[PDB]
Amino acid sequence: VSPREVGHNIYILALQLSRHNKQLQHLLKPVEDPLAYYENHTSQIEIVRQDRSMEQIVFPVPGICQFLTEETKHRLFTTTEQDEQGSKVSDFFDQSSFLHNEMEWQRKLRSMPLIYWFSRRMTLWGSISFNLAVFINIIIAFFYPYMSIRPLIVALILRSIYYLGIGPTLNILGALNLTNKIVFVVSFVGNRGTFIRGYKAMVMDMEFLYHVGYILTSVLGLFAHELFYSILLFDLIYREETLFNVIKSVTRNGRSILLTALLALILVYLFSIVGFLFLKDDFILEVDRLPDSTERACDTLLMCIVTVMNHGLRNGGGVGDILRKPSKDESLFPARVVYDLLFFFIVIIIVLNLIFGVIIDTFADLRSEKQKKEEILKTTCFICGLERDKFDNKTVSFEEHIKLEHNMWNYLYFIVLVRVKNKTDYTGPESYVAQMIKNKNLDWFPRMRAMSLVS
Amino acid sequence: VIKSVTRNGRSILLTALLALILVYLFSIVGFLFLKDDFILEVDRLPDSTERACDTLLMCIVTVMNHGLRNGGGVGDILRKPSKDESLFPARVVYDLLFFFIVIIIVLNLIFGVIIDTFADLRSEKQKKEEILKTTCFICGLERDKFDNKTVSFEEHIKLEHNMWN
Ligand SMILES: Nc1ncnc2c1ncn2[C@@H]1O[C@H](COP(=O)(O)OP(=O)(O)OP(=O)(O)O)[C@@H](O)[C@H]1O
Ligand SMILES: Nc1ncnc2c1ncn2[C@@H]1O[C@H](COP(=O)(O)OP(=O)(O)OP(=O)(O)O)[C@@H](O)[C@H]1O
Ligand SMILES: [Ca+2]
Ligand SMILES: [Zn+2]
Ligand SMILES: [Zn+2]
């Protein structure tokens, strides 16, 4: 038995009693301070019983709950998605076991000082890696083939190049990049705790495979050929969230873009068939022969298709740009004019612009989705889903409702308490919530209801 | 109109850095495999062709300067290959890949960002104007609360909740 636990229980009893006594309410207010400690370690939630009645539960916060990370909290709060009924409770509750496993990993990790310290500088390791990769690629670009502190680093690199040489500078930079990427991967695993789910889950994790590929590329740059260092420049997309969104603008409707490209290819095949059938003599292409200056590019259907696809798409005016220039007196001049105008209109003006139109549409779609998600998150309760306008002209404000009454993290703390507490010691509401969790029922989370609003 | 471009200038610059990285990769490939094809015509002030891929730096400069500025891409300036050559399919794939990846997509991301910014500015301006016109500055009540009331919204904002008062 610990006096602190008994004091906390008596404090919870006093808090419950103070609802009907103003003197107790005043005395329990904190001015080291026992009241302040109990107040920072006490939490409260609202639950709905079988009889659709709302009850306020006050419980002490489990000790393991102090190890939850602000990055994990922000990530959950910003990624949790609504369900068909428009409720985030399903996903937020589904992540509870992962949250508890993360708390236990953090508690285990903080006992290992070196590894915790290494895990605390993941951003530093990544920045160092990116800077080394940029410098290596710049040196390669500017010297290949051969034979803030950033200004200081550039000066040291110039001095190393001037004294030792480009090869030795590149070798030192590569070794440093490899050591730093290894430290970064060790820090990444120690922090994210991805092994906690399992070796299968860790392998399935895309970030971990991306880092492993980074490591392999760095090894290849160091040993096989320095030119493999260029691939590391792709880390810019990983590092930048705006560039990633810009690329998403294109990768969200990639199926649409590819179908448009297949449609362009089909129109090119048809135009090549027509040209082979009727304009064979007009496909004369000039050629710079290495040590005649023109060749026929439509003697076979395959080659004609290749010529059209390669040149008409890449020419502003279309296929007609590369074709032999016809004389007005020729009997096929109107046919050629119709051919050229039809290709330029159908393929260049319309089909080639469908890809850019799809990209623009995707841009707008991403903008609208992001705005809607931000609006919902900012102006709606995470748990109950009530809007800010329901709390206007109310004793309790929306901010207090989300800070004290329906705190999702307080609900998580209750779930962890129900998980850690022995079955024999459960109270009424603890047992009800445990039974509901066992039965896979979320009706105990409030929904569009608030005790402060109704009373 | 200039704000339409300067609001997401970071996005434009990141797109340009991405274009530069693709140009660096394409230049590396060309130097490794298409060195002989980088022949550029030159008007010498008082031979008429020069090799523009003898070093990686110069090749990068050539690609960045000409392939971005040419509608058809880098393939426009490269030596024209004969179908009988054993590298003709490689050259075709090179040219189509550069024109598709760099010109069609990457160069259009800047214009797409500009258009998106245009729309964002339009929507923000409309929302701000609507709020200002149809909401009380002080109390924030809308016009629809004053319908069928002795005191109208205009009188509420002119006499009752005057910010200048
Ligand atoms: N149900 C909810 N609806 C909306 N926002 C919520 C909800 N629960 C928590 N938040 C927000 O999530 C963030 C986490 O709140 P939290 O209780 O952790 O406060 P804190 O300021 O980080 O902690 P402390 O001040 O007690 O050290 C805060 O922005 C809080 O407003
Ligand atoms: N709280 C408010 N909400 C909305 N509009 C307001 C508010 N207070 C003032 N305004 C508007 O701001 C402008 C300034 O009003 P102001 O009292 O100065 O009237 P004025 O016509 O300029 O003066 P006067 O007629 O007395 O010489 C007017 O358009 C008024 O409608
Ligand atoms: Ca009991
Ligand atoms: Zn609530
Ligand atoms: Zn008012």
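On a straight-distance basis, which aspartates and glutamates could pair with residue A:181 in a cross-link, Cα separation under 15 angstrom, same-chain partners fewer than 8 positions away excluded?
Here the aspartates and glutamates satisfying the reach criterion relative to residue A:181 are A:207, A:235.
For the stretch A:234-251 and the stretch A:296-345, write down the distance between their C-alpha centroids in whole Å.
39 Å
Kindly give Rg over Rh for chain A, based on alpha-carbon atoms, with the Kirkwood expression for the hydrodynamic radius.
That ratio equals 1.15.
Please report the spacing between the Cα centers of the stretch A:198-227 and the stretch A:3-49 in Å, no decimals.
If we compute the Cα centre of each part, the gap is 52 Å.
Cα convex hull of the stretch A:232-341: how many Å³ per residue?
It comes to 165 Å³ per residue, whole-number rounded.
Taking the Cα centre of the stretch B:101-165 as the origin, how large is its charge dipole in debye, to the nearest 20, when only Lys and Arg (+1) and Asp and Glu (-1) carry charge on their Cβ atoms?
Using Cβ point charges on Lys, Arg, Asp and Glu, the stretch B:101-165 gives about 80 debye.
Per residue, how much space in cubic angstrom lies within the convex hull of the C-alpha atoms of the stretch A:209-286?
Given the Cα convex hull of the stretch A:209-286, per-residue volume reads 188 Å³.
Straight-line reach from residue A:328: which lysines have a Cα under 26 Å away, not including same-chain ones fewer than 8 places off?
Once the sequence-local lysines are set aside, what remains near residue A:328 is A:280.
Set the bar at 21 Å for Cα to Cα. Now go through A:378/B:127; A:325/B:35; A:248/B:3 and name every pair that lies beyond it.
Beyond 21 Å between Cα atoms: A:325/B:35; A:248/B:3.
Over the Cα atoms of the stretch B:8-165, what Rg and Dmax result, in angstrom?
29.4, 92
Quick one: Kirkwood hydrodynamic radius for the stretch A:309-455, alpha-carbon pairs, angstrom, one decimal?
Answer for the stretch A:309-455: a Kirkwood hydrodynamic radius of 22.0 Å.
Work out the mean other chain Cβ neighbour count within 10 Å for the residues of B:105-117 and drop it here as an integer.
5
Treating cross-link reach as a plain straight distance, find the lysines whose alpha-carbon is under 30 Å from the alpha-carbon of residue A:438, omitting any fewer than eight places away in the same chain.
Residue A:438 reaches A:73, A:88, A:108, A:200, A:403, A:421, A:423.
For each of A:8, A:20, B:161, A:401, count neighbouring Cβ atoms within 10 Å of the residue's Cβ, then give the residues from fewest to most.
If I rank by nearby Cβ atoms, fewest first, I get A:20, B:161, A:8, A:401.
Please note: Cβ atoms are built from the backbone with ideal geometry, for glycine as well, and neighbour counts cover all protein chains shown. Only the coordinates and a few stated rules stand behind these numbers; no lab work does.
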